[PDB]
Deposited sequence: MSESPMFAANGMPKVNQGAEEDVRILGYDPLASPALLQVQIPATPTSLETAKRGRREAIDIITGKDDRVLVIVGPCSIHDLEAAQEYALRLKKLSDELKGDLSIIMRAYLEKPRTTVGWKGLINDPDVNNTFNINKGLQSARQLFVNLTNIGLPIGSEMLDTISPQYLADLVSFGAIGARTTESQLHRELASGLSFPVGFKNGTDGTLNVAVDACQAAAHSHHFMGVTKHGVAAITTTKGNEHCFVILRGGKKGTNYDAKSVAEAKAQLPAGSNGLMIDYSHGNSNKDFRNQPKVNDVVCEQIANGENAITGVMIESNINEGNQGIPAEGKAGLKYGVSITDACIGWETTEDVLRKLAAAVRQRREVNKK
C-alpha cells in the first residue's frame, strides 16, 4: 500500500559496458588505493588527504576543480597523497537533496538511471586525468555500478553503527573510513572497524542486477575518522590521545575531518582545525595519517531554487574556497616535512 511503483533500472554490468573505464582511470584508481593503504598502515610517512566538495552536482565544475587539485597534487606529492571528494550520496538529517545519483536534475524528478550514468561518467572523467576519487558509501547497491573507479570509501556518522554498512565495507576493494557518531564519540567507529574486518554473509545485488547471497573476506583497511559532534570537536591532542587509547592492536592510522562536527557550524573553522592538526603532525604525531576537507571552487553554500545555481558553490554543506584550500594544503605539506625531521 505504500509502494507507488517500481521503475526499471539498468544493471551494473550494463552501465559498465555503456560507460567503460579508460586504462588511465583504472590505473589511477589502483594507485590511489595503494597509496592510501601505505599511509594508513604506516608504510609511508605522507598524509592521506580526502579533499573536495561536500557534494557533486555539476560535472563541468567538478572537472575544473579536479584539474586544479591534480596540479596542486603533482606539486605536493612528496608530502601528501590526495584523493578528491566526489560524493554522490548525501545523508540528510531529515529530508533534502540526496545527491547526483538520486536526483541529478536537482528538481525532484528522481531520474536515478540518469544519475547513475552521470555518476559513472563523472568518476571516469576525474580518474582519467590521474586524480583518484572517494565517496561516501551510503547506498548498498550503487557501489556495484562504480567501485572499479573508487580509491576510498567513507561510511558516514549516521551509518557507522549500521550493520548493513559494516557488511558493505567488509566487501569493498579499497580503504574505508568510519566516521565517529553524531554524538561526537568514537566507540562506534572503533566497533565498526572491528566488524568490517570480519567476513560477512548477506543478501546483496550482483553486477547482473539480481539479489544473491554475498560472502565477503573482511576489510583490514578500515580506519576511524574524527569529525566531532554534539560532545564537541575532537581534532585536538587530548582527543587524539583518547582515540589512540581505544584502538586495538592491528589498528590503522586515524583521519581527522576538518569539517562537519569539527567546524562547529562554520566553513571558516576548517583552516583553524588545520592549524591544530599541523601542530600535532609537525611535533611528531605519527598516528594522524589522514585528513578530510570540504573544499570547492568558491566558498560557502547556496539554496536550491539548477539553472539558477551559482557556479562552483555547494548546494549542501558550506565549503572553503579554492584559494583557502591551497593555503591549507601547503601548510599541511610543511607539517609533514617537519614530522620527518622529528622522526629522524
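J.: According to the record, which stretches of the deposited sequence lack C-alpha coordinates?
T.: Deposited residues absent from the model fall in 1 to 22, 328 to 330, 370.
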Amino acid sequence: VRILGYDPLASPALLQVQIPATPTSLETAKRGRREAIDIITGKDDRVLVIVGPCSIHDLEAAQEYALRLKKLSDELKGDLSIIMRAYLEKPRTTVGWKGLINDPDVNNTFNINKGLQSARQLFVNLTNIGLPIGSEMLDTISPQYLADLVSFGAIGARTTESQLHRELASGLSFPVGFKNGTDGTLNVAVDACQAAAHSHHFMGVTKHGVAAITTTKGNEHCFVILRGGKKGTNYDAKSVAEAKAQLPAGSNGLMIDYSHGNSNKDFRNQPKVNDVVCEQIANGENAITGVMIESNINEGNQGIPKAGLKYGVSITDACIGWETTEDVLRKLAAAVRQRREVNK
From here on, numbers count along this sequence of modelled residues.
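The term rigid core refers to the maximal set of C-alpha atoms that superpose within 1.5 Å between the two forms.
J.: After fitting on the rigid core, which stretch moves more in 7 other deposited structures of this protein, 102 to 110 or 144 to 152, going by C-alpha RMS?
T.: Between the two stretches, 102 to 110 moves farther in 7 other deposited structures of this protein.
J.: Is it true that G42 goes unbuilt in a third or more of the other compared entries of this protein?
T.: Comparison shows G42 kept in all of the other entries.
J.: Is it true that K306 has no coordinates in a third or more of the other entries in the comparison?
T.: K306: unmodelled in a third or more of the comparison entries.
J.: Averaging C-alpha B-factors over each stretch, which comes out higher, 281 to 289 or 306 to 314?
T.: Between 281 to 289 and 306 to 314, it is 306 to 314.
J.: If you take the mean CA temperature factor per stretch, which one wins between 270 to 278 and 163 to 171?
T.: Between 163 to 171 and 270 to 278, it is 270 to 278.
J.: Which is it among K230, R85, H221, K90: the one with the largest CA B-factor in the entry?
T.: Checking the PDB record, the top C-alpha B-factor among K230, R85, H221, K90 is at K230.
J.: So among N108, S259, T214, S81, who wins on Cα B-factor in the entry?
T.: Among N108, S259, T214, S81, the highest C-alpha B-factor in the entry belongs to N108.
J.: Looking at the temperature factor on the CA atom of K179, which third of the chain's modelled residues does it land in?
T.: Lowest third - that is where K179 ends up once the chain's C-alpha B-factors are sorted.
J.: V51's Cα B-factor: lowest, middle or highest third of the chain?
T.: As the PDB entry reports it, the C-alpha B-factor of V51 lands in the lowest third of its chain.
J.: Quick check for you: using the entry's CA B-factors within this chain, is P12 in the lowest, middle or highest third?
T.: It belongs to the lowest third of the chain when residues are ordered by C-alpha B-factor.
J.: Among the modelled residues of its chain, does the C-alpha B-factor of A119 lie in the lowest, middle or highest third?
T.: Lowest third.
J.: In terms of the chain's CA B-factor thirds, is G130 lowest, middle or highest?
T.: For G130, whose C-alpha B-factor we compare with every modelled residue in the chain, the answer is the middle third.
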